[PDB]
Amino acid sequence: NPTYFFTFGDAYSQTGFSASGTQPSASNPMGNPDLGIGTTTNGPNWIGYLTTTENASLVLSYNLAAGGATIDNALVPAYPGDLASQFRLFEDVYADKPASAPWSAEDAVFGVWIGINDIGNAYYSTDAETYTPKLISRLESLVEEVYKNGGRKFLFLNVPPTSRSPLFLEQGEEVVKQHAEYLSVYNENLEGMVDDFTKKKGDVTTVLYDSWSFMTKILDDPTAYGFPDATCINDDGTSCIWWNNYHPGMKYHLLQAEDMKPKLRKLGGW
């Protein structure tokens, strides 16, 4: 009795899953590509670890996240595969519960990790207090599409401190600060939206995972996690927090998945 884990997001979540590639099954829970391919981590990412390492029962991963994604190109634009397009792919292929993914309210979990690129592109050109509610409202309206399909279990990850990625550290501390302050407003509004959605619907099971605090703990004390510092980059994915200047490696993603596991028990797969 599988959990169908549909995920949406950006390169922190991408694996290169194609809706026309091999589909998830008990013998192949990621569908495609092989576990540990297609990520920005040199190995599995948090979805691969949640699906195949941290799972308490069978989890089938349908991972629609795409590199560079923003929430909606009508707001902060970037790449064609925005979150809106990921939801459209979901609606076109999986929303009607086909034989390949015959999910139900009791066994589908919809995970969304978005906002890194919206903030990364708009933190200096928009007013966080009045602009981030537009982003969050659009996220909520996409979530409502899945709700109308019958989805009831949702996982939202807040935005991690990409202000402290090497890519942003190099822009100067006042830019790190400007970006971080904007991000804080987004995450606060994200939290408020998840809380309001949960209360308003009354029949949903939701988790807001505070990736920001978790990765901040590691950045603040890297050696306690076996990393030599909080800034080095190594594309082996394990020697440093950072796989490249903007994406953390597989060791970080495994630590996050391990941190997430107990918080996901209520969602059914963990």
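The first residue of the shown sequence is 1; numbering continues from there.
Engineer: Per the PDB record, is the mean Cα temperature factor higher over 35-43 or over 229-237?
Structural biologist: The recorded data point to 229-237.
Engineer: Return whichever of 137-145 and 172-180 has the greater mean Cα B factor according to the PDB record.
Structural biologist: Result: 172-180.
Engineer: Taking the values straight from the PDB record, which of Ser61, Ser27, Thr70, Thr216 has the highest C-alpha temperature factor?
Structural biologist: Checking the PDB record, the top C-alpha B-factor among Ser61, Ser27, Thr70, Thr216 is at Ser27.
Engineer: Which is it among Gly115, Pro160, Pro166, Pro77: the one with the largest CA B-factor in the entry?
Structural biologist: Answer, based on the entry's C-alpha B-factors: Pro166.
Engineer: Which third of the chain holds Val93 when residues are ordered by C-alpha B factor: lowest, middle or highest?
Structural biologist: Middle third by C-alpha B-factor.
Engineer: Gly16's Cα B-factor: lowest, middle or highest third of the chain?
Structural biologist: It belongs to the middle third of the chain when residues are ordered by C-alpha B-factor.
Engineer: For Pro102, does the deposited CA B-factor place it in the lowest, middle or highest third of the chain?
Structural biologist: Middle third, going by the recorded CA B-factors of the chain.
Engineer: Considering only modelled residues of the same chain, in which third does the CA B-factor of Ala66 rank: lowest, middle or highest?
Structural biologist: It falls in the bottom third of the chain.
Engineer: Ordered by C-alpha B-factor within the chain, which third holds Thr205? Give me lowest, middle or highest, please.
Structural biologist: Within its chain, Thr205 is a middle-third residue by C-alpha B-factor, going by the deposited values.
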